[PDB]
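Worksheet: the structure to be examined is printed underneath.
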2 protein chains.
Amino acid sequence: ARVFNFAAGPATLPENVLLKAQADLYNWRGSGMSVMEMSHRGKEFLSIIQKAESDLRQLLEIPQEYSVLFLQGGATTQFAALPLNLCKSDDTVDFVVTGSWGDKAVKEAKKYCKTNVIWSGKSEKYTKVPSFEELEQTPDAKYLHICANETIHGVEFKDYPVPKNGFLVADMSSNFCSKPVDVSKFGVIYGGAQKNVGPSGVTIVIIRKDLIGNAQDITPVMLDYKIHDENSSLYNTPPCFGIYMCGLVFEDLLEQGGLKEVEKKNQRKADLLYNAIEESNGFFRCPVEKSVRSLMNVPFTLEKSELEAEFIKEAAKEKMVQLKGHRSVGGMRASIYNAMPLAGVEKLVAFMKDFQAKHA
Amino acid sequence: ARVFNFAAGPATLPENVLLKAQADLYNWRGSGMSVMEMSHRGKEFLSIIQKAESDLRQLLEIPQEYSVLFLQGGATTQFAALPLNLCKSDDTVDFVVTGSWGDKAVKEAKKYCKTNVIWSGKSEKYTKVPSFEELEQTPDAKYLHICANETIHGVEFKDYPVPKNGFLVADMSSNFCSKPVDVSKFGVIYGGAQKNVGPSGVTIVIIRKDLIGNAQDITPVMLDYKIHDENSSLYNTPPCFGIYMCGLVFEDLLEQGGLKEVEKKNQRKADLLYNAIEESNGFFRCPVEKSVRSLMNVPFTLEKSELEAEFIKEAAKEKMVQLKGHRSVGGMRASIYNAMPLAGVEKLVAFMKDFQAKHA
Ligand SMILES: *[C@H](N[C@@H](COP(=O)(O)O)C(=O)O)c1c(COP(=O)(O)O)cnc(C)c1O
Ligand SMILES: *[C@H](N[C@@H](COP(=O)(O)O)C(=O)O)c1c(COP(=O)(O)O)cnc(C)c1O
Ligand code: NA
């Protein structure tokens, strides 16, 4: 039997998607070959990548004046690609840092331009999002960078800051296609697929067309947005199978009723877990400020922290796996992405109630 | 029915490997999840990447003092990573250019250091390999770059030049694991997996351990060999499912008897096609000099070139697809990688003989 897989990325996937991929793995739609053997210059793969793009455009209501790029290298490669493409070496980028993934973006961007961290959550252990009107943005900043869902720290933007001088860029890796997003407010949205929308090996970049072009001279060709855009993500050999898998996920999210329906389910199942924590009378604790609690990644600790290893081991015996926190922070982390069944969060909640009764 | 798929990359894969992947896709070995859902930091995936590495080490007889890295970005990303990691910006790299893939590696390296093309086959249409003793290598060249199998032009190194000042770097994308290689002759071997050893999304880099480190300060962290080496290719989220597929391919190459036997089969089926061309009294032509004719990619043309579209259409109607040449050169190109069944080459040869008879 399949387990309830609380991993933060790569992560659990819908069973109907996995079964479709199994059904077609040897011979996709009578083409006589697997997706994994198709030429990226051929008509079958063309149909796949084009439908993945159109389905994603439908899901997020992406306006026509945005490009959609399917790339390799992870969100971490975009930490370099963003300043290399969007800035000159003496331009400045503003960052709002609400957890360690935004901090990693700052440190990589320092190689390629000037960076200003205009706000950091670190003094309160990355539990909060700033009041935006209070933000002091840099008068000449090319763009303002956020990590919309801080996967380790469980801090999620529920509304967005307005850039003063330039455009907004958001790492949406761990809440990608979890809810509607006004894409027009952003110059760039990017995310690795593996958290919430596919297998690892694909990164999606949604980028306003008038921002493509004029990358720095030292930009590798494989990081150049203009190269990717003008070749429709087929400049070199793309991650064909991962793009196909993302397409299955997008098609299925549309069948579920789209991102408004996805968000409803995420909110419901996240409420069950957060309520159980809040009702445990301190036995379980979530440090994050209520209004920015992530629907995707739920970090929590035990008041008796020495009990956390037993919690994690017994949960895994109960077929609930990968609940240990990220190694940087420890504690526990329940990642409850789109495809996590409601019954899995219910099982974790019932396990938590039973564990507390036995250790209190 | 499945077709004979002569694509140059991505390419045909073994049917037993595809079917193994299919049977484990929903729940790998009763572990309760797909490979596609496994955490890269969990023991199941660690077991997979570790065996893929040791199996590849067995196949190529890789010495202990070399690292094996499983990366994203394609071989094209390595065109930037090689000089970024291995050179200072005022160092010089020598290139022997035997086709257009070597030319693409020169153009990218020029962003990051100096380049000398010490020999180029362009003047004779990329049909030959130089005499090595006569090469004029640059006295202080950090390394000498070759493309061991020029995929579009059908030119293949059968033995290797000896670098004068530095070490040898070879792009082996399209003949990777087609035959034994004395790895100790090289400082770096690299290759996209999708030509001969898996689906696209994985690039393999075999690099002598004393060459790792001291990349240029502008090197993106995701292109840095020391980062990847010290994290055992798990610095960020790896292309887990492509690595797993590579592992299945490697396991099956071992079961076939290793690269000595793989090479024997490649030589046998290449000979059938090359002999058919030479016996065709000019009806089909291969321009490449006989001693360097690739076993992996066989470009050929029709004396009556106006027949090429009918040849390709009739071949496809006979379940032989993707025989058109690379778009940069035209003609025909039969890619006949490890997994291309002998029967597919035989069908091609018989179809060619019939085609000539009908268009005498
Ligand atoms: C991915 N975060 C995951 C994985 O973290 P590690 O175990 O340290 O690799 C998490 O568990 O938090 C992530 C990334 C990085 O994307 P890749 O380069 O691996 O594709 C970037 N931004 C966000 C918000 C992430 O969650
Ligand atoms: C891959 N060459 C293939 C693919 O060529 P395109 O259709 O132009 O993409 C071919 O048909 O010749 C190749 C590469 C590039 O690898 P990726 O960056 O796409 O992974 C580099 N070197 C060699 C020898 C190649 O064959
Ligand atoms: Na099975």
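Letters for chains follow the order of the structure tokens (A, B, ...), residue numbers begin at 1 for each chain, and ligand numbers begin at 1 in the order shown.
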Contacts to ligand 3 at 10 Å cut-off (only C-alpha atoms and all ligand atoms) as a PyMOL selection string: chain B and resi 20-30
Generate the output file for the selected residues, N, CA and C atoms, as an mmCIF file, in the first residue's frame.
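Full text of part-v4.cif as output:
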```
data_model
loop_
_atom_site.group_PDB
_atom_site.id
_atom_site.type_symbol
_atom_site.label_atom_id
_atom_site.label_comp_id
_atom_site.auth_asym_id
_atom_site.auth_seq_id
_atom_site.Cartn_x
_atom_site.Cartn_y
_atom_site.Cartn_z
ATOM 1 N N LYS B 20 10.522 -2.301 -16.854
ATOM 2 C CA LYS B 20 10.850 -2.305 -15.433
ATOM 3 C C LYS B 20 10.387 -1.005 -14.780
ATOM 4 N N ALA B 21 10.651 0.131 -15.438
ATOM 5 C CA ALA B 21 10.228 1.425 -14.923
ATOM 6 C C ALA B 21 8.721 1.488 -14.812
ATOM 7 N N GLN B 22 8.038 0.951 -15.820
ATOM 8 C CA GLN B 22 6.582 0.937 -15.807
ATOM 9 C C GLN B 22 6.019 0.146 -14.628
ATOM 10 N N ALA B 23 6.575 -1.032 -14.366
ATOM 11 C CA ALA B 23 6.066 -1.855 -13.281
ATOM 12 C C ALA B 23 6.412 -1.296 -11.904
ATOM 13 N N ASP B 24 7.450 -0.463 -11.781
ATOM 14 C CA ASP B 24 7.722 0.125 -10.473
ATOM 15 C C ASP B 24 7.205 1.554 -10.315
ATOM 16 N N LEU B 25 6.551 2.127 -11.333
ATOM 17 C CA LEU B 25 6.283 3.576 -11.339
ATOM 18 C C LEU B 25 5.366 4.006 -10.198
ATOM 19 N N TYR B 26 4.292 3.253 -9.950
ATOM 20 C CA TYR B 26 3.318 3.630 -8.917
ATOM 21 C C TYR B 26 3.849 3.395 -7.498
ATOM 22 N N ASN B 27 4.672 2.351 -7.304
ATOM 23 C CA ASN B 27 5.128 1.982 -5.959
ATOM 24 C C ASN B 27 6.431 1.198 -6.140
ATOM 25 N N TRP B 28 7.561 1.866 -5.975
ATOM 26 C CA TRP B 28 8.838 1.229 -6.241
ATOM 27 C C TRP B 28 9.132 0.196 -5.164
ATOM 28 N N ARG B 29 9.199 -1.083 -5.572
ATOM 29 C CA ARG B 29 9.574 -2.198 -4.679
ATOM 30 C C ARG B 29 8.789 -2.180 -3.374
ATOM 31 N N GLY B 30 7.485 -1.963 -3.470
ATOM 32 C CA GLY B 30 6.661 -1.930 -2.271
ATOM 33 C C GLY B 30 7.069 -0.935 -1.209
#
```
Compile a residue-level contact table for chain B against chain A at a cut-off of 6 Å, reporting for every qualifying residue the shortest atom pair and its distance in Å to one decimal, with only C-alpha atoms counted, rows ordered by chain and ascending number, as a tab-separated table.
```
residue	atom	partner	partner_atom	distance
B:1	CA	A:32	CA	5.4
B:2	CA	A:32	CA	3.7
B:3	CA	A:32	CA	5.1
B:10	CA	A:39	CA	5.3
B:11	CA	A:37	CA	4.7
B:12	CA	A:37	CA	5.2
B:22	CA	A:22	CA	5.3
B:26	CA	A:18	CA	5.9
B:32	CA	A:2	CA	3.8
B:33	CA	A:2	CA	5.7
B:36	CA	A:199	CA	5.5
B:37	CA	A:11	CA	4.8
B:39	CA	A:10	CA	5.4
B:72	CA	A:73	CA	5.2
B:73	CA	A:72	CA	5.3
B:77	CA	A:222	CA	5.7
B:80	CA	A:220	CA	5.9
B:111	CA	A:218	CA	6.0
B:199	CA	A:36	CA	5.2
B:200	CA	A:239	CA	5.3
B:201	CA	A:239	CA	4.5
B:218	CA	A:111	CA	5.9
B:220	CA	A:80	CA	5.9
B:222	CA	A:77	CA	5.8
B:239	CA	A:201	CA	4.5
```
Secondary structure check, alpha helix (DSSP H) residues of region 32-147 of chain A, as a PyMOL selection string: chain A and resi 43-60+74-86+100-109
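Computed from the coordinates, the CA of residue 214 (chain A) to CA of residue 182 (chain A) distance equals 26.1 Å.
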Distance query region 165-175 of chain A at most 6 Å, only C-alpha atoms, self and fewer than 2 positions along chain excluded, as an MDAnalysis selection string: chainID A and resid 140:149 163 178 186:192 195:196
Those residues with N, CA and C atoms, as a PDB file, in the first residue's frame please?
```pdb
ATOM      1  N   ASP A 140      16.354  53.229  -6.716  1.00  0.00           N
ATOM      2  CA  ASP A 140      16.705  52.804  -8.063  1.00  0.00           C
ATOM      3  C   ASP A 140      16.745  51.288  -8.225  1.00  0.00           C
ATOM      4  N   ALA A 141      16.096  50.528  -7.340  1.00  0.00           N
ATOM      5  CA  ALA A 141      16.190  49.066  -7.410  1.00  0.00           C
ATOM      6  C   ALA A 141      15.529  48.535  -8.674  1.00  0.00           C
ATOM      7  N   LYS A 142      16.211  47.614  -9.362  1.00  0.00           N
ATOM      8  CA  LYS A 142      15.634  47.051 -10.578  1.00  0.00           C
ATOM      9  C   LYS A 142      14.411  46.202 -10.271  1.00  0.00           C
ATOM     10  N   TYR A 143      14.456  45.405  -9.205  1.00  0.00           N
ATOM     11  CA  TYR A 143      13.313  44.590  -8.830  1.00  0.00           C
ATOM     12  C   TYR A 143      13.427  44.317  -7.343  1.00  0.00           C
ATOM     13  N   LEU A 144      12.296  43.858  -6.800  1.00  0.00           N
ATOM     14  CA  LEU A 144      12.040  43.507  -5.406  1.00  0.00           C
ATOM     15  C   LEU A 144      11.803  42.003  -5.396  1.00  0.00           C
ATOM     16  N   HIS A 145      12.570  41.265  -4.602  1.00  0.00           N
ATOM     17  CA  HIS A 145      12.521  39.796  -4.622  1.00  0.00           C
ATOM     18  C   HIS A 145      11.919  39.291  -3.334  1.00  0.00           C
ATOM     19  N   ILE A 146      10.932  38.398  -3.447  1.00  0.00           N
ATOM     20  CA  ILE A 146      10.361  37.708  -2.299  1.00  0.00           C
ATOM     21  C   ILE A 146      10.402  36.195  -2.529  1.00  0.00           C
ATOM     22  N   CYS A 147      10.344  35.447  -1.426  1.00  0.00           N
ATOM     23  CA  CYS A 147      10.043  34.024  -1.510  1.00  0.00           C
ATOM     24  C   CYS A 147       8.628  33.877  -0.978  1.00  0.00           C
ATOM     25  N   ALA A 148       7.666  33.604  -1.874  1.00  0.00           N
ATOM     26  CA  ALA A 148       6.269  33.677  -1.467  1.00  0.00           C
ATOM     27  C   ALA A 148       5.895  32.615  -0.425  1.00  0.00           C
ATOM     28  N   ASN A 149       6.544  31.443  -0.408  1.00  0.00           N
ATOM     29  CA  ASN A 149       6.266  30.429   0.602  1.00  0.00           C
ATOM     30  C   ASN A 149       7.611  29.880   1.057  1.00  0.00           C
ATOM     31  N   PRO A 163       6.233  46.941  -5.709  1.00  0.00           N
ATOM     32  CA  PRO A 163       7.572  47.497  -5.915  1.00  0.00           C
ATOM     33  C   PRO A 163       7.478  48.973  -6.224  1.00  0.00           C
ATOM     34  N   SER A 178      -0.978  26.324  -6.037  1.00  0.00           N
ATOM     35  CA  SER A 178      -1.799  26.026  -4.878  1.00  0.00           C
ATOM     36  C   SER A 178      -2.993  26.969  -4.750  1.00  0.00           C
ATOM     37  N   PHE A 186       3.375  40.825 -11.119  1.00  0.00           N
ATOM     38  CA  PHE A 186       4.725  40.304 -11.043  1.00  0.00           C
ATOM     39  C   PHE A 186       5.479  40.521 -12.345  1.00  0.00           C
ATOM     40  N   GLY A 187       6.780  40.792 -12.244  1.00  0.00           N
ATOM     41  CA  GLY A 187       7.586  40.699 -13.438  1.00  0.00           C
ATOM     42  C   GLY A 187       8.016  39.260 -13.691  1.00  0.00           C
ATOM     43  N   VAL A 188       8.355  38.546 -12.621  1.00  0.00           N
ATOM     44  CA  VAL A 188       8.754  37.148 -12.740  1.00  0.00           C
ATOM     45  C   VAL A 188       8.169  36.319 -11.599  1.00  0.00           C
ATOM     46  N   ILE A 189       7.612  35.156 -11.925  1.00  0.00           N
ATOM     47  CA  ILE A 189       7.293  34.105 -10.963  1.00  0.00           C
ATOM     48  C   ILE A 189       8.109  32.908 -11.390  1.00  0.00           C
ATOM     49  N   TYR A 190       8.759  32.255 -10.447  1.00  0.00           N
ATOM     50  CA  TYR A 190       9.479  31.049 -10.768  1.00  0.00           C
ATOM     51  C   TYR A 190       9.305  30.020  -9.648  1.00  0.00           C
ATOM     52  N   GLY A 191       9.511  28.758 -10.003  1.00  0.00           N
ATOM     53  CA  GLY A 191       9.535  27.720  -8.987  1.00  0.00           C
ATOM     54  C   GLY A 191      10.015  26.392  -9.531  1.00  0.00           C
ATOM     55  N   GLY A 192      10.758  25.637  -8.735  1.00  0.00           N
ATOM     56  CA  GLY A 192      11.040  24.266  -9.106  1.00  0.00           C
ATOM     57  C   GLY A 192       9.730  23.492  -9.077  1.00  0.00           C
ATOM     58  N   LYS A 195       8.140  20.618  -5.723  1.00  0.00           N
ATOM     59  CA  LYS A 195       7.441  20.759  -4.445  1.00  0.00           C
ATOM     60  C   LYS A 195       5.998  20.441  -4.593  1.00  0.00           C
ATOM     61  N   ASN A 196       5.363  21.216  -5.446  1.00  0.00           N
ATOM     62  CA  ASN A 196       3.933  21.102  -5.580  1.00  0.00           C
ATOM     63  C   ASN A 196       3.377  20.630  -6.934  1.00  0.00           C
TER      64      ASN A 196
END
```
Shortest interatomic distance to ligand 2 - which of B:323, B:129, B:113, B:254, counting only C-alpha atoms and all ligand atoms: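 The answer is B:323, which sits nearest to ligand 2.
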Picked from region 18-147 of chain B by DSSP as strand (DSSP E or B), as a VMD selection string: chain B and resid 66 to 71 92 to 97 114 to 120 143 to 147
Counting only C-alpha atoms, the residue of B:360, B:292, B:62, B:348 that sits nearest residue 307 (chain B):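 Ranked by minimum distance to residue 307 (chain B), first place goes to B:360.
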Atom pair atom 25 (C, counted along the ligand's line) of ligand 1 / CA of residue 101 (chain A): separation (Å): 6.2 Å
Neighbour list for residue 298 (chain B) as a list in words, cut-off 10 Å, only C-alpha atoms, skip fewer than 4 positions in-chain: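 My reading of the contact set: residues 8, 151, 152, 153, 154, 155, 270, 273, 274, 286, 287, 288, 293, 294, 323, 325, 332, 333, 334, 335 and 336 of chain B.
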Distance query residue 243 (chain B) at most 8 Å, only C-alpha atoms, self and fewer than 4 positions along chain excluded, as a ChimeraX atom specification: /B:48-49,52,70,202,239,247
Could you write those residues out with N, CA, C and O atoms, as a compact mmCIF listing (two decimals), in the first residue's frame?
```txt
# COMPACT_ATOMS: atom_id res chain seq x y z
N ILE B 48 19.43 4.38 -4.72
CA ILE B 48 19.36 4.40 -6.18
C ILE B 48 20.54 5.16 -6.77
O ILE B 48 21.17 4.70 -7.71
N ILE B 49 20.83 6.35 -6.26
CA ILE B 49 21.91 7.13 -6.89
C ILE B 49 23.26 6.46 -6.60
O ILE B 49 24.16 6.44 -7.46
N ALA B 52 23.57 3.62 -9.07
CA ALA B 52 23.80 4.10 -10.41
C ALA B 52 25.27 4.52 -10.56
O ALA B 52 25.90 4.29 -11.60
N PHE B 70 26.15 13.66 -11.15
CA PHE B 70 24.89 13.54 -11.89
C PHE B 70 24.20 14.90 -11.78
O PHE B 70 23.73 15.25 -10.70
N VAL B 202 19.39 14.62 -17.29
CA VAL B 202 20.63 14.25 -16.59
C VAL B 202 21.84 14.44 -17.50
O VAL B 202 21.88 13.91 -18.62
N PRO B 239 17.85 15.53 -10.47
CA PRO B 239 16.84 14.96 -11.39
C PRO B 239 16.62 13.49 -11.02
O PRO B 239 17.16 12.56 -11.66
N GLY B 247 20.25 4.60 -13.92
CA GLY B 247 20.68 3.43 -13.17
C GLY B 247 20.14 2.14 -13.76
O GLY B 247 20.83 1.11 -13.77
```
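With only C-alpha atoms and all ligand atoms as the basis for measurement, A:231 is the residue among A:203, A:231, A:328, A:121 that approaches ligand 2 most closely.
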